[PDB]
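Secondary and tertiary structure notes
Here is how the chains run, residue by residue.
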Amino acid sequence: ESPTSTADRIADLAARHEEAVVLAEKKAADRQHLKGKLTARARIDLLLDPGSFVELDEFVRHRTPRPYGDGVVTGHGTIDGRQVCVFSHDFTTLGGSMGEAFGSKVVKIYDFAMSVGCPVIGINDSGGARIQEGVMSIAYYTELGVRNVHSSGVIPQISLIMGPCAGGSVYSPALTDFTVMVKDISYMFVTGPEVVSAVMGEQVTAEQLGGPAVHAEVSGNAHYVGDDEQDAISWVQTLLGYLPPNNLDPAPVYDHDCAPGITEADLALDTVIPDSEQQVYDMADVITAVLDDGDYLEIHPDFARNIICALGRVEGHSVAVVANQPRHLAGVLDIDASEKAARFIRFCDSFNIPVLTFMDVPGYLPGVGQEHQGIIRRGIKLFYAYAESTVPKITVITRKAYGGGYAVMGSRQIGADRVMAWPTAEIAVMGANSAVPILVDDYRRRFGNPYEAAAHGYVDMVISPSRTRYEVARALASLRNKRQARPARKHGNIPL
Amino acid sequence: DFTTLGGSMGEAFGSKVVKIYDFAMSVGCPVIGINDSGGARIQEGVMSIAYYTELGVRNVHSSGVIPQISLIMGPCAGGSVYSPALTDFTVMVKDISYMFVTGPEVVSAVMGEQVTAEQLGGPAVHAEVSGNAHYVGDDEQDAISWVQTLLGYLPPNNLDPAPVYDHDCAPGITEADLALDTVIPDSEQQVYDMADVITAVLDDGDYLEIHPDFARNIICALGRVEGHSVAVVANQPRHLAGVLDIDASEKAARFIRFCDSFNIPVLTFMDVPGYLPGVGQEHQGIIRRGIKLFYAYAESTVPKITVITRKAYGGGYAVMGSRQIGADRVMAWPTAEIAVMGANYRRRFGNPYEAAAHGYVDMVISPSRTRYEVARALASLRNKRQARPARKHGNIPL
Amino acid sequence: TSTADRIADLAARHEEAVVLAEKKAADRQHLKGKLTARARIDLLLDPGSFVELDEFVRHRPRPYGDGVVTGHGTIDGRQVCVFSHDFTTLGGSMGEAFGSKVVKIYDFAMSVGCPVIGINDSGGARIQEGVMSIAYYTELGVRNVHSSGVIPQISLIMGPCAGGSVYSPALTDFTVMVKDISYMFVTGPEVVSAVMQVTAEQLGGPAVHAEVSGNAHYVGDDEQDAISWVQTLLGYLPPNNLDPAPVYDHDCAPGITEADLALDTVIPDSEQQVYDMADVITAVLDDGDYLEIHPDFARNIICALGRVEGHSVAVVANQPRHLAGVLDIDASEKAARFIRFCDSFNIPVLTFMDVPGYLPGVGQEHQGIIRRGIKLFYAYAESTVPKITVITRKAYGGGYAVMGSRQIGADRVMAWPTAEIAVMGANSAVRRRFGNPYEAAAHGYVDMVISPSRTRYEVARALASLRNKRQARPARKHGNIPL
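Right, let's get into the overall build of chain C. Each helix and strand in chain C was counted, giving 17 helices and 17 strands. When the backbone C-alpha atoms are referred to their principal axes, chain C occupies close to 90 × 55 × 45 Å. Taken over 483 residues, chain C has a buried fraction of 55%. Surface summary for chain C: the accessible area is close to 21,000 Å², and the carbon and sulfur share equals 54%.

As structure tokens, then:
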């Protein structure tokens, strides 16, 4: 019911707003704080620019307790001045459970984001499906999932996991481009610990089964884990600072403080590669020499540490970095590193971010484990990602460049636009220990260098390492107007 | 030709394969590669790698453009695996073929593992464990025959139509159809063979099965209805109660995306209780890998018909070609149980009628009618046109 | 339970949903001289071709189907989608379940590109559902707008159709009502009389919309005739705006016939004597037959679909038997929308012209003959389908400009020796020297001057010569036609 008078309806609206927000927030704060968690609205407030939030569907209700908003807070705002859409589950209101009203609110802000081409950040903290709504619940899960698939590579999609996330709740995060978890308040699994322990013979805790560390290091479902909710939200904002709003519009360009000439940071790369091939180096020291301010945002820091995927800038422009890391498993490629880099590269290609590869790859990790778990069809994903991509590709060969690993890591035949090799680059069909299908020191002298590849034009230049920053910046600037045609098809058939 | 220079990859060799692949892309016809190689020609150094890469690149730019089929009829190691891995179907032959990125010499010298080539990457390994092999022939005649039969279902390319064959379906109800009224057991812990339903519906009771020895809890096959190519994805309760898991999800997911690329409609037979639980499945990444099948269904635009024979719980029901994921026609049997969960109640909710009340299902039929209604739906959907997101490509989880 | 028991349980609800519901519905509808929703679906579609969807959908008394029968089928072998309100169940009123069923049939028809036939017989909005009903009305309306010119849309009005119920029929391409059993109005006679005293038939009965308002393109004597009318109409149309129209075999005489020669005498000698333009049209079309649109509305103009050599042809022709064939508001809007529809579905336009000018008067000017008569000019100029024009007699000023003259875009314009193509008539220019087509012919504004007996023969040839016509269109979301 409503009042009749105009002033009384304005007052009545103020009362319902008071109940739906101010009251609902006080009380949610009490229940969440005793579990070390923030409220849906506190997270929205930390994520968005102050004063930018426009809340939608504040007075939506389900159709049979009927709290305003139905357990999710939705709307849009800005992050560092650029528009974004937002939803944030309220775990304290009907469990943040997936219902038709809840789901319709999330569907609307997703439709809006697709309509204007802006990113979507989902803040997840849910008790799961709303069982009393029966199959209706499933329908809306599927609706949201379908939008994720139709937004994939169109608008950036980021998932923050800041509470329970089980069952159908895992479906939308799984389809977004980045999933960010938080240290002690989040977990993630399709099937829960109690039923795993009831049908399978396994007694496991929620954190052992699908805690943050599991997905950051073992399954690879988590691209970053924040120490606290603030650290995760900050990571998300920093990531958005590298991305375009959509796959058509340009990425942001920032002012820079790049040295035009040789610096001591540049001269340090002349000694970064050890004399002995037993000794490794930290690729990060190479990467930081090239990127603006020596800084980058690392994707999957704790997953497949034998390869680095990161976003940085050169002369104020977004650049994606993929680099073999000799500090872990000698920088060989394997299943985890290949899927890690493969999806990173395909994402950057969709949103027109050029890829800067630093190569030092001795080969693949050999064992029964790798073959039986499918290194062929899963390692080939990185080949597919490189060959499919049309963004500018610049490749710096620092050391090992053996066989298929060399082929995959942004070689010129796979589509790289500029390939430079240091004199430490060893570009060969295989190492000298493997080439005894026909003394290994002699082979090492003839072929442990880039000059056969350079002689065939497979690399474009062989430079002193200190020139790297400079040449990368040149190559990048020369490639910004690149246009490359794509095969005509509904889509490819990438191995899965 | 393995007997000539080891059948090894070089610039001349490689340029010959480059020329035939360029031709096939040029006229839009399928490519069948027959592999039997000692590997890279090391005397040619990086040249060999370059050409491997060239062929790989062509495979990627042909993916979803022309059907690509790889027969592995011998050794296939190192660089040799790259092109087969990128084609759409890999067919091996027992006793004579194997595939691995790194060979046993290096596995033992680097990892301390003593394994033979056949244990490391033999046909059984790739047909049953890794999934790299979509079919393994007993002999070469059987593998070649399999490849030709497969081609008989497929269009030459992603624009031209698939072949249509002469037909012999009985116009009215048969006893094979009426047999489906009895296939679902009364007792719910008792299973049935989903293959009997599939063979009841398809022409000649026949289908060419993809990945027969891999993830047998799901069936992927090509068959025909009234002479037209139809792709079948079906839960098989004979293995793991028809549960979904990592292997089944990736198997069906790629099958569906390939069929979508070449305009083959997808007919789903649903009977899924849920997902396989365990530390194994979660830590091996069931979230991001199981979701691949959801991506495949939701992305696809070919006609999709779904027959719900029995269990239809939660996310399993969502993924298996529900209407909300994009299916154009969804019919349910009276044995269909469409609910959020099973018993985590059974009398009021163990049936298709709440989903039917919401229009989430289009149809509740006696099973003997399935073949007929499926045929009608398929024929009614051949002119389907559906728009696709504008993008270079999506960002499917890998 | 048991598997056999669930099959039997399903048989019980199926009989409950259709057979028992059908006999009660048939009773309550026969009590008003109307057939059932399912009976009409069965008269419309090919026997046994109907596939019903959403048979057990229920709202949130809960009857199966929620008061509308939805599905798809074939008409004379070609696929069509159909919905049919059941007035006896919950008033055949618009609710969310009801609405979702028609939305699904509409989505399907848009998806496969086949026509939609809606059969309307509704108590209006389901008030108990509040705004939900409006929401769903709107959904359906939007789909009509996005189907407009994409798939043929036909509305059968076979009972009450008031309030929100009028919105979707108004947006379809053809609305057909039935004598004595149907009516249409935005607001009902109750409130209309409460600000004025009127009955439903005088406010919005079929005769009103067939002759006065123009909302009804045809009125059937009974339901069977209206349905037959719709099937005959679909036999002329493509399934959608991309795929070709049906082509039938014919037995056209290859040479000049006596039927052809009868037109040499059809135009009277003295210019105050009028003729029946229909005799010319029937001389040109296959079997002397055509399907007339808006037969009782603006009868100074004829709009019809016929065939030449088995191919669909649209005919727009001035009719001197009514208002001497002048153009007016009603005739302009009728012909204009017919032409735009035919252009959307790639049906060529055959014009027969005998136009002395416009109907004069305060009535016509004050009600906007400028902005509404100009719609027909827009329709001709916008259209890109082949346009063939036969000028039988009067060809005066803007009237001649509008009916498919060559400068407005016609591809072939032939004139009889009785054609008087002039800037204005004899009385207004202050004529024996100008009462003829030859200054127009001398300028090439007409392409040929023929003896009337040649008409059919040249028309057919022109038609056959133009099937591969392509014409570029302005780059725009859409135009700004006057409304």
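So much for the structure itself; the text now carries on.
Moving on, we get to the interface of chain B and chain C. Of the residues lining the interface, 30 residues belong to chain B; the matching set on chain C comes to 31 residues. With both sides pooled, the region where chain B packs onto chain C buries about 2,300 Å², and carbon together with sulfur makes up 50% of that total. Summed over the shared surface of chain B and chain C, the number is 2 salt bridges. One salt bridge connects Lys-104 of chain C with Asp-362 of chain B, and the closest N-O pair in it is separated by 2.8 Å. For the interface between chain B and chain C, the tally reads 14 residue pairs in polar contact. Contributions of two or more residues to the side of chain B that touches chain C are made by α15 (353-357), β14 (363-364) and α16 (370-380) of chain B.

Residues and elements named next belong to chain B. With 17 residues, helix α2 (residues 46-62) extends 24 Å between its outermost C-alpha atoms, agreeing within 8% with the 24 Å of an ideal straight helix rising 1.5 Å per residue. Counting buried positions over the 17 residues of α2 gives 15, a clear majority of the element. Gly-64 sits one or two residues past α2 and shows a positive phi near 75 degrees.

Among the surface-exposed residues, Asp-249, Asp-251, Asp-287 and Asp-289 of chain C lie close enough to one another that they form a single negatively charged patch. As for its position among the elements, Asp-251 of chain C is in the loop between α9 (223-234) and α10 (258-261).

This part is about the interface of chain A and chain B. Taken together, the contact pairs 101 residues of chain A with 100 residues of chain B. Each partner contributes to the roughly 8,900 Å² buried at the junction of chain A and chain B, and carbon and sulfur atoms together form 65% of this total. When residues of chain A are sorted by the area they lose upon contact with chain B, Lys-490, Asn-493 and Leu-496 of chain A head the list and together hold 9% of the total. Remark: the boundary between chain A and chain B carries 4 salt bridges. At the boundary of chain A with chain B, the tally comes to 45 residue pairs in polar contact. For the side of chain A that touches chain B, the leading source of residues is helix α4 (residues 135-151) of chain A, giving 11 residues. Of the residues belonging to the side of chain A that touches chain B, the class tally is 54 nonpolar, 31 polar and 16 charged.

Taken together, the side chains of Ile-131 of chain A together with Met-341 and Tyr-345 of chain B define a hydrophobic patch exposed on the protein surface, amounting to about 230 Å² of accessible area. Structurally, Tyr-345 of chain B is set in the loop between β13 (337-339) and α14 (346-349).

Helices that pack against each other are described as a pair by the angle of their axes relative to one another and the distance between those axes. Residue and element names in this part refer to chain C. At their nearest, the axes of helix α2 (residues 37-44) and α9 sit 10 Å apart, and the two run at 45 degrees to each other. In terms of their interaxial angle, α2 and α9 are classed as oblique. With respect to the hand of their crossing, α2 and α9 are arranged in right-handed fashion. Of the residues in α9, those touching α2 at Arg-40, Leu-43 and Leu-44 are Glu-223, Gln-224, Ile-227, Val-230 and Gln-231. When the residues that make up the contact of α2 with α9 are grouped by side-chain class, the tally is 4 nonpolar, 2 polar and 2 charged.

Turning our eyes to something else, we now look at the domain arrangement of chain A. Residues and elements named next belong to chain A. Partitioning chain A into domains gives domain 1 (1-254) and domain 2 (255-496). Taking only C-alpha atoms into account, the centre of domain 1 sits 36 Å from that of domain 2. Contact with domain 1, which involves 30 residues of that partner, is made by 23 residues of domain 2. For the pair domain 1 and domain 2, the two sides together bury roughly 2,100 Å², of which 62% comes from carbon and sulfur. Looking at the side of domain 1 that touches domain 2, the elements that each hand over two or more residues are α8 (212-219) and α9 (229-240).

So, on to the side chain of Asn-59 of chain B. All names here are of chain B. Along the chain, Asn-59 falls in helix α2. Of the residues examined, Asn-59 reaches a relative accessible area of 0% and is grouped as buried. In this structure the side chain of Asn-59 is engaged in a polar contact, spanning 2.8 Å, whose partner is the side chain of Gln-68. Side-chain polar atoms of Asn-59 contact the side chain of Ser-83, separated by 2.7 Å. If near-sequence neighbours (up to four positions away) are discounted, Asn-59 is found in contact with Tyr-21, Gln-68, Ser-83, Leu-86 and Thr-87.

Turning our attention to the packing of aromatic side chains. With the rule as written, the count across this model stands at 22 aromatic pairs over all chains. Across from the ring centre of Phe-108 of chain C, 5.2 Å away, lies the NZ or CZ of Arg-329 of chain B, which sits over that ring.

Residues and elements named next belong to chain C. Ordered by their spatial adjacency, 7 strands build an open sheet running β1-β2-β3-β4-β5-β7-β9, and the pairing between neighbours is mixed. In the strand order of this sheet, the two ends are held by β1 (51-53) and β9 (218-220), each with one partner. For this sheet, the mean angle separating the axes of adjacent strands, direction not counted, is 20 degrees. Across 5 bridges, the pairing between strand β4 (residues 116-120) and strand β5 (residues 153-157) is parallel. Its bridge partner lying in β5, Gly-118 is registered against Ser-155. Relative to the sheet, helix α3 (residues 96-112) contacts β1, β2 (68-75), β3 (78-85), β4 and β5, its axis offset from that of β2 by approximately 20 degrees.

With that out of the way, let us pick up the pattern of salt bridges. Residues and elements named next belong to chain A. A full pass over the atoms with the stated rule returns 71 salt bridges over all chains. As a salt-bridge pair, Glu-55 and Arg-41 come within 2.8 Å of each other at their nearest N and O atoms. A residue pair is termed long-range when its members are at least 10 positions apart, and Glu-55 in strand β1 (residues 54-56) and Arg-41 in helix α2 (residues 40-47) qualify at 14 residues. Residue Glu-55 is classed as partly exposed on the basis of its relative accessible area of 23%.

Right, let's get into the pairing of strand β12 (residues 393-402) of chain A. Residues and elements named next belong to chain A. Counting buried positions along β12 yields 10 of 10 residues, so the element is predominantly enclosed. Note: strand β11 (residues 355-361) against β12, 6 bridges, orientation parallel. When the sheet's bridge partners are listed, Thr-357 is paired in β12 with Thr-395. The sheet contact formed by β12 and strand β13 (residues 418-421) spans 4 bridges and is parallel. If you follow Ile-397 over to β13, its bridge partner there is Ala-421. Crossover handedness for the path β12 to helix α15 (residues 403-408) to β13: right-handed. With 3 bridges joining them, β12 and strand β14 (residues 426-428) adopt parallel strand pairing. Bridged to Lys-400 within β14 is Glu-426.

Criteria and thresholds
Residues numbered from 1 in each chain as written, not as in the entry; some residues may be left out. Chains lettered and ligands numbered in written order. Part of a larger assembly, values for the part shown. Heavy atoms only, no water. Helix = DSSP H or I, 4+ residues; strand = E, 2+ residues; numbered from the N terminus. Buried < 20%, exposed > 50% of the residue type's maximum accessible area, 1.4 Å probe, protein only. Areas by Shrake-Rupley, 256 points an atom, 1.4 Å probe, with all protein chains shown as cover. Contact = heavy atoms within 4.5 Å. Buried area = accessible area lost by both parts, 1.4 Å probe. Salt bridge = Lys/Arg side-chain N within 4 Å of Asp/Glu carboxyl O. Polar contact = N/O pair within 3.5 Å; in protein donor to acceptor, adjacent residues only side chain to side chain. Expected span 1.5 Å × (residues − 1). Patch = residues over 30% accessible without salt bridge, like charges linked within 9 Å, V, L, I, M, F, W, Y side chains within 5 Å. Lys, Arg positive; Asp, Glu negative; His and termini not counted. Charge placed at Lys NZ, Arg CZ, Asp CG, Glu CD. Nonpolar A, V, L, I, M, F, W, Y, C, P; charged D, E, K, R; others polar. Axes fitted to C-alpha atoms, helices over the stretch in contact; angles between N-to-C directions. Parallel < 35°, antiparallel > 145°, perpendicular 65-115°, else oblique. Left-handed = near helix turned anticlockwise from the far one by under 90°. Domains from an automatic or database assignment. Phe/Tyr/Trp six-rings, centres within 6.5 Å; stacked < 30°, edge-to-face > 60°. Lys NZ or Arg CZ within 6 Å of the ring centre and 35° of its normal. Pairing = 2+ DSSP bridges. Right-handed = clockwise from strand over helix to strand, strands pointing away.

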